């Protein structure tokens, strides 16, 4: 019903390996719906390297915590039945389910295999640094415990094209299988960034292309997904991802949202990928992530006018999925770029109250990251979910005119009661700003949903009001 959409990544890196996360999801369903969350992005739901695996150390894409494999029956999140019980709850509470899809590699092979390989230069995979010789890579996959349920396809070295560990002499190197080429096209950082970690899948092989397509469909029907969150797609040949997506949509009756993770602080790089994609999917706004990050590290000196400059959402707010942080960017992880507590309220307001982009709430922020003493920001985020769910509607008006104090407004829509809002904030000494909000809201008295400013702004006859904000804070006034 014209209700704004808000997605949530329901997991964080340091979640407990108590296998109870799927059940948590099943109970938090309504609460989440109620708060303004319309779609949940679940973590990899299939068997990883080990049970405590977050999901990216993917081993058996058909084992959704149903078969005793890799030292466990359940995944870190729980069993298959508990996942299905969860997804059912979400559906009943009007929440779409987007599954995380890991096709770039595989890890936890059951046995090694003799393979001709050459060492490449880590900074330029095009350049070999050694001659061809036999290495013992972990490429054999039999999924013994599964017993061929759903699929009897087994993986062998000739399906991959590279690994980063030779078991024969036990050394680390970026090995390209001899007589195999690095996937293409793929991100050109390090020359060719096809290889990332684990056993890298070579998509040039038709039996691979069809197996993952076949799996994708199996997966999508089995869990009744409503979309996907495509992982590490910058290391996966672009053509195949576009291929896979089209194939997937072709097989499913239900619609399929598709956000891909092309991790590069470069909107151009993302735009390019969306060209080859024919904009048939959105991408996580990674430049925005680093914009917020820079602002958080830098302090007030950061010029708030260039906060959206460079973001993907600025350029293509229709194929953008905005967020503040995730499991990769949280403290201590691989793509760390954590937004500090002080600026995090400002960032969330930016992606949750503006009209562009598809905003995503991070579990680690909502409920907190105990591991690192990071407090649950639930209170601050709910008020903003309230903002987006009931007020952030109608014509927008921006004011990125000052280097500290900046803001924007939404006139509201006649189709949604008392909607309409005005966001004001400052990353430095506070202040106020005269902003337009629609001559139709004249006479109204607006107040701050976050409670960071007791100002009570009244809209004059011209539809104008002067809004205030304290230093390094953000307020969101609405007709409440």
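Residue numbers count along the first chain shown, from 1.
Could you check the entry and say whether 140 to 148 or 169 to 177 has the higher mean CA B-factor? Looking at the record's C-alpha B-factors, the answer is 169 to 177.
Higher-scoring stretch by recorded Cα B factor average, 438 to 446 or 61 to 69: Comparing 438 to 446 with 61 to 69, the higher mean C-alpha B-factor belongs to 438 to 446.
For the listed 378, 402, 105, 80, which has the peak Cα B-factor recorded in the PDB entry? Largest recorded C-alpha B-factor: 402.
From 392, 346, 225, 212, pick the one with the largest CA B-factor in the entry? Among 392, 346, 225, 212, the highest C-alpha B-factor in the entry belongs to 392.
Could you tell me which third, lowest, middle or highest, the C-alpha B-factor of residue 264 occupies within its chain? Middle third - that is where residue 264 ends up once the chain's C-alpha B-factors are sorted.
Test of reading the entry: by CA B factor among the chain's modelled residues, which third contains residue 466? It belongs to the middle third of the chain when residues are ordered by C-alpha B-factor.
Using only modelled residues of the chain, where does the Cα B factor of residue 252 rank: lowest third, middle third or highest third? As the PDB entry reports it, the C-alpha B-factor of residue 252 lands in the highest third of its chain.
Among the chain's modelled residues, which third holds the C-alpha B-factor of residue 3? It falls in the top third of the chain.
If you rank the chain by CA B-factor, which third does residue 311 end up in: lowest, middle or highest? It belongs to the highest third of the chain when residues are ordered by C-alpha B-factor.
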